[PDB]
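A.B. asks: I have a structure I would like to understand better, so I am pasting it below and will then ask my questions one at a time.
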Amino acid sequence: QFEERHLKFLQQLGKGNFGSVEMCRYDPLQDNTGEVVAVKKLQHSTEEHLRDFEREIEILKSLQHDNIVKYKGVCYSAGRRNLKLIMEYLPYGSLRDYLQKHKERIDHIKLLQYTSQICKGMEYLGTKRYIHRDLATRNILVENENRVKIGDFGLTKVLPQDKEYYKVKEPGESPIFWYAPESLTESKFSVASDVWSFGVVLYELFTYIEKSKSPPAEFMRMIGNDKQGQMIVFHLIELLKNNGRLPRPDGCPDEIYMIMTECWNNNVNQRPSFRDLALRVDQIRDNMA
Ligand SMILES: Cc1cnc(Nc2ccc(C(=O)NC3CCN(C)CC3)c(F)c2)nc1Nc1ccc(Cl)c(NS(=O)(=O)C(C)(C)C)c1
């Protein structure tokens, strides 16, 4: 729906999983009145990545929610190659960088507001039988100080109609320190593994992205920084089987860490739902104010 002749490159916002996002200005009138948008593109346009990317586009187009980044259109250019996804531009960047920059300004009640918005977005995804699979503060964008959005769906898969999990193995590195144990061992992804990842995201938020306190740093410290290669994965698996967990962040109340640890249940069926998580976070937020 967008003509590439009118997409004016402004800068690069980030490089992702085989793809990159650029801040551009759509200005078809050539009068500097067009709107600034985000453009996602592939870096190596293989056919597998092209099919994955169009399924991602279809997924994002099917989503309308206050906490999901808005789809705007696509841009074909030549033939059907060089496909580009057009989305709304959110001016405050990733929740990771934003929280790091304003840590002296963001108290726990604001963190819980962000947490509730994330829970509601993830529940909306679940109603569509979508498994995000990549939930992390780097993937959460900030529209303003009062609104965050889930902002990337490059790893999102649709559940089969007859099964409540999706088994996917991927040639390439994976954010294993956000993954549920069943995802590490059997490549099984579900709403419950998304709940595990959400627990990791809550941990992130309450560490205020202190880099020493990052999940990879803490996990490598727990398993020993001497480990390398596939052994790392192996040790992580073992550490999760022995109920080794990320520590309570500094200043985090015990109820928030309890939410985290309940999300970190080894038994997939004993993990809370996103609606229960939203209810508990909203009740704690109401009690604090
Ligand atoms: C759709 C969208 C709408 N608005 C914005 N706003 C925005 C606005 C600003 C800065 C910015 O300033 N970035 C610099 C350089 C990179 N950071 C590491 C530090 C600061 C900025 F990154 C984003 N992003 C969007 N997407 C997006 C852009 C970059 C990245 Cl890294 C990501 N992360 S990700 O994991 O989900 C993906 C790369 C796999 C897609 C998402």
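Nothing in this text is a laboratory measurement; each read-out follows from the coordinates by a stated rule. Virtual Cβ from ideal backbone geometry, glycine too; neighbours counted across all protein chains shown.
A.B. asks: Pick from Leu111, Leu135, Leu125: which is surrounded by fewer than 20 Cβ atoms within 10 Å (Cβ to Cβ) and in contact (Cβ under 8 Å) with a residue 40 or more places away in the chain?
C.D. replies: Being surrounded by fewer than 20 Cβ atoms within 10 Å (Cβ to Cβ) and in contact (Cβ under 8 Å) with a residue 40 or more places away in the chain holds for just one of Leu111, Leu135, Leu125, which is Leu111.
A.B. asks: Within the group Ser77, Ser20, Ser94, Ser45, which residue is touching a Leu at 6+ places or on another chain (Cβ under 9 Å), touching a residue at least 12 places away in the same chain (Cβ under 8 Å) and over 21 Å from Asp152 (Cα atoms)?
C.D. replies: Numbers: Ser20 fails: over 21 Å from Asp152 (Cα atoms); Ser94 fails: over 21 Å from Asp152 (Cα atoms); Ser45 fails: over 21 Å from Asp152 (Cα atoms).
Residue meeting the stated conditions: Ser77.
A.B. asks: Among the numbered criteria (1) under 23 Å from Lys169 (Cβ atoms); (2) within 9 Å of the ligand (Cβ to nearest atom), which single criterion is violated by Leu85?
C.D. replies: Looking at each condition in turn, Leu85 falls short on (1).
A.B. asks: Under 9 Å by Cβ, and 6 or more places apart or on different chains, what pairs join a residue from region 257-274 that is free of Cβ contacts under 8 Å to residues at least 60 places away in the same chain with one that is assigned to a helix (DSSP H, G or I) and surrounded by fewer than 18 Cβ atoms within 10 Å (Cβ to Cβ)?
C.D. replies: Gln270/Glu262
A.B. asks: For region 1-26, what are the residues that are in a loop (DSSP other than H, G, I, E, B) and either crowded, with 16+ Cβ neighbours inside 10 Å or of a type in the set (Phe, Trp, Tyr) (or both)?
C.D. replies: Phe2, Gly16, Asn17, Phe18
A.B. asks: Hey, another quick one. Can you tell me which of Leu112, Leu99 is more than 16 Å from the ligand (Cβ to nearest atom) and part of a helix (DSSP H, G or I)?
C.D. replies: Every option except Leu112 fails the conditions.
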